[PDB]
Amino acid sequence: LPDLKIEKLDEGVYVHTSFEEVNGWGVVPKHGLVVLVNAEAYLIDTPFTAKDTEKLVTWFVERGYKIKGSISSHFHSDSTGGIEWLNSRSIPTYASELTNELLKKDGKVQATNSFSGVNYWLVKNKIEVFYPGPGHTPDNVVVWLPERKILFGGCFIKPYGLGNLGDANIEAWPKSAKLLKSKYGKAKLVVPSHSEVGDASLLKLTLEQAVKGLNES
Ligand SMILES: O=C(O)c1cccc(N2CCC(O)CC2)c1C(=O)O
Ligand SMILES: [Zn+2]
Ligand SMILES: [Zn+2]
């Protein structure tokens, strides 16, 4: 397995990339973010595992940053894998109410703090959370960074294929993807979980793939 990767994407914004072999998928890359505010750091999705979450946190703490919190974009373990270890270290963990419920049903440890509704501020005017409706999973949310115009789409952004449909709502995904295109068309950078960073076009491509996936069912 390739090592945890951490790259500067923009000023105060980093992409972390972790890797896990998944049956019927091979080695799966997973992108998340670290967002820097003053001398504080926010995890946008945890890596797959506690070890890599520890590795990631250590890298930033070692640079003089405090980890103020982590937000998980959906319940799957490529977003939540690290919640246990963070909780154990009293670092505040965030996820939607839906996400927390699905983690519970799945017999997984939940995030300490939750939220619900359409729009949520994790940090006022710096880190916004938006729930477009079901798609890749019932609970998938996106994270918007206003200053830099960066959107983390998580596993909802699927420009070339929908990927793992095990917990997908193919019926709702096109509608959800339309609402996401309307609101965030002004994004400079769009960060998918499982493919590379693109511009606002990735929103359109996601919509087409959702529509195409529905037609096929
Ligand atoms: O979103 C995907 O397309 C995807 C691809 C490969 C592995 C995945 N998961 C990794 C985490 C594991 O808990 C379930 C599958 C996913 C996903 O559904 O997020
Ligand atoms: Zn997923
Ligand atoms: Zn995923």
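Every residue, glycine as well, gets a Cβ built from its backbone with ideal geometry; the counts of neighbours run over all protein chains shown. Every read-out reported here was derived from the displayed coordinates using simple, explicitly stated rules and does not represent laboratory data.
Considering region 199-217, and only residues there that are touching a helix residue (DSSP H, G or I) at 6+ places or on another chain (Cβ under 8 Å) and of a type in the set (G, A, S), the residue that is surrounded by the fewest Cβ atoms within 10 Å (Cβ to Cβ) turns out to be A200.
Of the helices (runs of 4 or more DSSP H) contained entirely in region 1-91, those carrying at least 1 residues that are in contact with a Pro (Cβ under 7 Å, 6 or more places away or on another chain) fall at 50-61.
The C-beta contact set for region 133-158 (first residue near ligand 1 (Cβ under 10 Å from one of its atoms), second residue in a loop (DSSP other than H, G, I, E, B) and of a type in the set (D, E, K, R), distance under 8 angstrom, 6+ apart or interchain) comprises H136/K158; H136/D167; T137/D167; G154/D45.
Close Cβ contacts (under 8 Å, 6 or more residues apart or on different chains) running from residues in region 58-83 that are closer than 20 Å to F156 by Cβ to residues that are assigned to a loop (DSSP other than H, G, I, E, B) and basic (K, R) comprise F75/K108; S77/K108; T80/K108; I83/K108. Residues that are among the hydrophobic types (A, V, I, L, M, F, W, C) and either within 16 Å of ligand 2 (Cβ to nearest atom) or farther than 23 Å from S114 by Cβ (or both) within region 45-85 comprise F48, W59, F60, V61, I71, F75, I83, listed in sequence order. Search region 182-193 for residues being in a loop (DSSP other than H, G, I, E, B) and surrounded by 20 or more Cβ atoms within 10 Å (Cβ to Cβ), and hand back the single one that is farthest from ligand 3 (Cβ to nearest atom). Across region 182-193, the extreme among qualifying residues is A187.
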